[PDB]
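Notes for the one structure printed next.
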Number of protein chains: 2
Amino acid sequence: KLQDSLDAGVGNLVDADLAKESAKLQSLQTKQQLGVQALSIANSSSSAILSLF
Amino acid sequence: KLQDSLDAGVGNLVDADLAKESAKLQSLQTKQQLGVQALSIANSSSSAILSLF
């Protein structure tokens with residue numbers, strides 16, 4: 001019983017809660033796509049000046 | 001982040017504002033044409049005297 005409680009305690013110390021990581025994963029994938037889109041918007045600022053010339 | 005801020009600072013020091021240069025360019029081209037016309041008017045002053053002779 002002592003060996004089982006030491007192993008369960010190691011699990012309390014280091015194990016991930018995977019049900020919570022699933023939510024973090026989905027939101028982070030959406031954030032990465034929005035960040036690529038925002039960088040694409042920032043890249044195009046120079047093209048606006050071409051119209052004046 | 002420090003490298004990006006040093007590069008943005010160099011850009012603040014030396015970069016042109018091209019939207020402002022477009023206005024300066026158009027007005028200067030008009031001024032150059034008017035200056036050629038004014039020099040053409042000044043060139044013709046001698047011809048007025050031919051009428052008296």
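Naming scheme: A, B, ... for chains in displayed order of the structure tokens; residues 1 onward per chain; ligands 1 onward as shown.
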
Using only C-alpha atoms, tabulate the residues of chain B lying at most 12 Å from any atom of chain A, each with its closest atom pair and that distance in Å to one decimal, by chain and increasing residue number, as CSV.
residue,atom,partner,partner_atom,distance
B:17,CA,A:49,CA,9.9
B:18,CA,A:49,CA,7.2
B:19,CA,A:49,CA,6.6
B:20,CA,A:52,CA,9.8
B:21,CA,A:52,CA,9.6
B:22,CA,A:52,CA,6.4
B:23,CA,A:52,CA,8.8
B:24,CA,A:53,CA,11.6
B:25,CA,A:53,CA,9.3
B:26,CA,A:53,CA,9.6

Chain B: which residues are alpha helix (DSSP H) by DSSP, as a ChimeraX atom specification? /B:2-14,18-43
